[PDB]
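Colleague:
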Amino acid sequence: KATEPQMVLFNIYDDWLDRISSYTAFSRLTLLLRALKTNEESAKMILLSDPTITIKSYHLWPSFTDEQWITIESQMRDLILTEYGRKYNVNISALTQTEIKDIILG
Amino acid sequence: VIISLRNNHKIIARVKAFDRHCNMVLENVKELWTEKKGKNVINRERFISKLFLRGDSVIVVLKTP
Amino acid sequence: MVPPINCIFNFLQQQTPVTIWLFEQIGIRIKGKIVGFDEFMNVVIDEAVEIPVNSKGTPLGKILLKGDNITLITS
Amino acid sequence: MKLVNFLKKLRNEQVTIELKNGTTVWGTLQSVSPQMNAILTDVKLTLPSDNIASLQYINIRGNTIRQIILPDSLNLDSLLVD
Amino acid sequence: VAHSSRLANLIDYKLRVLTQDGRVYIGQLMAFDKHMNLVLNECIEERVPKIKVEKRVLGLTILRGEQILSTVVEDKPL
Amino acid sequence: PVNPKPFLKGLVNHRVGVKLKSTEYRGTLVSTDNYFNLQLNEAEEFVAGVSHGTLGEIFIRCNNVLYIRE
Amino acid sequence: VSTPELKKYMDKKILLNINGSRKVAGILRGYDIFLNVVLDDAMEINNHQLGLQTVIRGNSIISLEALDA
Amino acid sequence: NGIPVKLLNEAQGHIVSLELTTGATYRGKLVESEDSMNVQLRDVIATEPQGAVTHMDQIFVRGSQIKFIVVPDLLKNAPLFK
Amino acid sequence: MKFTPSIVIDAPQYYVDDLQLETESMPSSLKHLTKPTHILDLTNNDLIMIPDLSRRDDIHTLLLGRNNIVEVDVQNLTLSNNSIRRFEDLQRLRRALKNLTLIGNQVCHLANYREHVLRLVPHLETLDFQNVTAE
Amino acid sequence: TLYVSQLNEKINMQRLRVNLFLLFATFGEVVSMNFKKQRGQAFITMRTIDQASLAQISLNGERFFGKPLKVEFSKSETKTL
RNA sequence: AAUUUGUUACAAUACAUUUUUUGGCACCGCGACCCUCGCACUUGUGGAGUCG
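Chains as they are written, first to last, in the working numbering: chain C, 45 to 150; chain D, 134 to 198; chain S, 23 to 97; chain H, 8 to 89; chain Y, 273 to 350; chain F, 297 to 366; chain V, 1035 to 1103; chain A, 2 to 83; chain G, 9 to 143; chain B, 352 to 432.
1) Taking the DSSP output, what are the residues bridged to residue 69(A)?
2) Please state whether the Cβ-Cβ distance between residue 21(G) and residue 47(G) is less than 8 Å.
3) Can you name the residues of chain C whose CB is closer than 9 Å to the CB of residue 144(D)?
4) Alpha carbon to alpha carbon, how far is residue 60(A) from residue 1051(V)? Give it in angstroms, no decimals.
5) What does DSSP give as the partner residue(s) for residue 1048(V) in the beta ladder?
6) Measure the beta-carbon distance from residue 349(F) to residue 341(F) and round it to whole angstroms, keeping in mind my assumption that it falls under 8 Å.
7) Take the Cβ of residue 68(G) as the centre, count every other Cβ of all protein chains shown within 10 Å, and call the residue buried at 16 or more, exposed below.
8) Run down chain A in chain order and give the residues with a C-beta less than 9 Å from the C-beta of residue 306(Y).
9) Can the beta-carbon of residue 107(C) be found less than 8 Å from the beta-carbon of residue 97(C)?
10) With a threshold of 6 Å on Cβ separation, who are the neighbours of residue 14(H) within its own chain once the five nearest residues in sequence on each side are excluded?
11) Where do the ends of the beta strand (DSSP E) carrying residue 279(Y) lie?
12) Can you check DSSP and say which residues form a bridge with residue 185(D)?
13) So, using beta-carbon positions, are residue 997(V) and residue 1065(V) closer together than 8 Å?
14) Work out the CA separation of residue 64(A) and residue 139(G) for me, nearest whole Å.
15) Closer than 6 Å by C-beta to residue 68(A): which residues in its own chain qualify, once you throw out the five before and the five after it? Chain order, please.
16) In chain order, what residues of the same chain have a beta carbon less than 6 Å from the beta carbon of residue 325(Y), not counting five sequence neighbours either side?
17) Figure out for me which residue from 13(G), 31(G), 136(G), 10(G) has the closest Cα to the Cα of residue 86(G).
18) Excluding the 5 residues flanking residue 425(B) on each side, which residues of the same chain have their C-beta closer than 8 Å to its C-beta?
19) From residue 61(C) to residue 165(D), what distance separates their C-alpha atoms?
20) Is residue 64(A) helix, strand or coil when you go by DSSP?
21) Excluding the 5 residues preceding and the 5 following residue 304(Y) in the sequence, name in chain order all residues of the same chain whose CB lies nearer than 7 Å to its CB.
22) Of all the options 1036(V), 1041(V), 1056(V), 1039(V), which has the alpha carbon lying nearest to the alpha carbon of residue 1081(V)?
23) With a threshold of 16 other CB atoms inside 10 Å of the CB of residue 14(A), please say whether the residue is buried or exposed.
24) So which residues of chain C does residue 161(D) contact, with C-beta pairs closer than 8 Å?
25) Using a threshold of 7 Å, is the CB atom of residue 27(A) nearer than that to any non-hydrogen atom of the ligand ZN?
26) Take residue 1094(V) and list the residues in its own chain whose beta-carbon comes closer than 8 Å to its own, dropping the five residues that flank it on each side.
27) Can a CB atom of chain G be found closer than 8 Å to the CB of residue 372(B)?
28) Out of 11(G), 71(G), 114(G), which has the shortest C-alpha to C-alpha gap to residue 377(B)?
29) Find the nearest neighbour of residue 65(G) within the set 104(G), 142(G), 132(G), 15(G), judged by alpha-carbon distance.
30) Are the beta-carbon atoms belonging to residue 352(Y) and residue 284(Y) less than 8 Å from one another?
31) Count the other CB atoms, across all protein chains shown, that sit within 10 Å of the CB of residue 8(H); report buried if there are 16 or more and exposed otherwise.
32) Can you list, in chain order, the stretches of the alpha helix (DSSP H) that have 4 or more residues and sit fully within the segment 54-133 of chain G?
33) Using the Cβ count rule (16 or more neighbours within 10 Å means buried), how would you classify residue 142(D)?
34) Give a yes or no on whether the minimum CB-CB distance between residue 147(D) and chain C is below 8 Å.
35) Going by beta carbon distance, what residues of the same chain come within less than 6 Å of residue 359(B), once the five residues before and after it are set aside?
36) Decide if residue 44(H) is buried, meaning its Cβ has at least 16 other Cβ atoms within 10 Å, or exposed.
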């Protein structure tokens, strides 16, 4: 919607600083953006699965509770492993933890 | 948003499409009803990914902020 | 011939005791005075009174009863 | 504007359909009319606690179809373009 | 049965037909409508009382589309 | 003199209650159209004269309507 | 589009079989393309008349079976 | 225009049978029919949904409330269809 | 002249005096009728055993006149003029059936043939065009 | 067409016609009213004429629902024929 | 030793408020008895009495 060159500021963390440290907040940012790099619309469906939790006006990520953010970290995390196995044709049950943590981190 | 329906179905879902007839394309769909042959009390609900809807069904749509 | 629209108009002109029946609803009736007229059977009827049918009387205000659920008129 | 157009665009989709009488209908939409009359192929009728009945071809009427349950993968925005 | 596109292209096929009341009309579609009314050549109404199929042969029947739910193919032509 | 549509128009931004094909309603009218579909704020659901729940912002479909009242 | 040819039934008493297993009687005074009926009043079927004249909506009519031949 | 309507019109004169939404079958000489199946019939018997039968003179029926119409099998032959 | 799909597809199809198909040594390939018939006429053929049917939910009448039925593997079954010889060969009909006709079969002359059918196939109401009575 | 009379008129019309169809199908591919006039009678129409003749000779006096049926060739040709 | 052009006709490519598709949805027969022997094209078909 921007037809003109301009600077615009945004907020990644919404307010995650109260309940979540910047380390872990940026880490979950990196993971979420990896699934947005890879899975795209499905990772979106994990956000919009329950529409009764809506994205706020100021913010970017829809506001969940701590347990919900954790379970979302589980689903979103596992997405990268699933797609790894799909395209690379390498079963997850044949994998060593170093490779799983590496792929999820990168 | 939530929708009330002729057949006692509370449709909590994300709206995608809209028209004259109030037909709707729906994502993140979560219906609510009760399969119950009397006397009985059960409360059931199912998730559906994508779902088209017909307008005669719709009684009252509502928006919970 | 006396058309329905004409009859309705006449009723409106008069302001007389109108007793409406409900479509697919036996137990309830309405009783008031016709104020409005529409292209369809819909009208506005001020000083209306809901009635439970004899198989008493109940409080009710000013109302427009929708044209699709009308059945009977008399005025 | 029109959902009819969208419906038309949805072709050859293996979908469930739900009626005003609650009948669940698993079939491949070969075509749909301008008035939502669904034409299915490879059809499977089940009720909402009893046994199943399968059929090759079913033309269901538009007034009956309450909710057509769409496929798993679908790009909706694209579909919605004129 | 064949893999048709529309109803019109499968004219004169023996047809199962369901209606809102729960009856099942069976017969060859002679003619269709803008509002899905059906002419049936040799029509048999088959009903189920609340057990086992009750059966009535009607004959040549005009069938209103309002009451029609859905149509299915019973057999081939002839 | 008073037709229905003009009455309806007048009654915008005012309290109304609706019965259905049955459950009573109660809320402030936002706007209306030719088809007599409704949009209300502060909706309260009178289940046969018993306010079961307060929904708030709602949209009633026309064909299920029975009558309008203050 | 076409007018319901009820000119045969004009000014005759008719059993208007109406929605919900109910009935009406009365002499036929008028009608329209939607099959609304305007009739000089009679009873609802033991029996009790309401009104001087009556108007029945089109949708509501199951049947209008002629009492007089 | 509807061919079923045409057929109905043709059946004028003949003894048609006629069930409604209520499920109350009639049989009689078809006096007049219209585009909307607004049938009139003469010398007409009237079966109740439960069972009992009642003779009656000149019934009118509105097509909205009509379910299905049986026409005599002679009309099958000619010459409306082709 | 095998009962084949091709055979069934060119066979006279009509509404009888029910939807009936007009029809061989062995009953087979009935799948191709697509369960669209209320009646199937297999009269004057050479079938030996009433067997080989697919699941046919429609089929209510089977006319099997003048064949060679000697063994049995549905509301009306007409088996006139066939080869059923022992009462025990009629036993499989207990698992079905209201109208049964077995005339002109050797089995008919066996002692107690009528009573045997009545006790073993009680669902039959009319046997050989005679009312099964209480007595 | 063959004309049958002396039939047990207690059988319901649709059952009579269905047993008649069944019985007579043995001779070739195949009208009965319960009015006072027509009760106890039926007209059975066959595609082939040889079938009608065979039926007539072979089922003369066949016990049907308790009575021996009497068969004869019809006086006129059937409308369907 | 079928192809192109023109003309004529038919069919196909619009919308929710009473008659169709924006729904008023959902929670004679079976036991008994006896009458009728009649050449047709059918709402239905004997009559008395008992059972549903």
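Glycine included, C-beta positions come from ideal geometry on N, C-alpha and C.
Modeller: According to the structure data:
1) 335(Y), 20(A)
2) no
3) The contacting residues do not exist; residue 144(D) stays about 11 Å from chain C at best.
4) 11 Å
5) 1100(V)
6) 5 Å
7) buried
8) 2, 3
9) yes
10) 39
11) It is not in any beta strand (DSSP E) - residue 279(Y) carries neither H nor E in the DSSP assignment.
12) 158(D)
13) Because chain V here runs from 1035 to 1103, residue 997(V) falls outside it and cannot be looked at.
14) 45 Å
15) 20, 21, 22
16) 318
17) 136(G)
18) 352, 353, 354, 394
19) 36 Å
20) helix
21) 279, 280, 310
22) 1056(V)
23) exposed
24) 89, 92, 93, 94, 95
25) With respect to small molecules bound, the structure shown includes none, and the ligand ZN cannot be examined in it.
26) 1052, 1053
27) yes
28) 71(G)
29) 104(G)
30) Residue 352(Y) cannot be examined here, being either before or after the span of chain Y that is shown, 273 to 350.
31) exposed
32) 121-128
33) buried
34) yes
35) 416, 417, 418
36) buried
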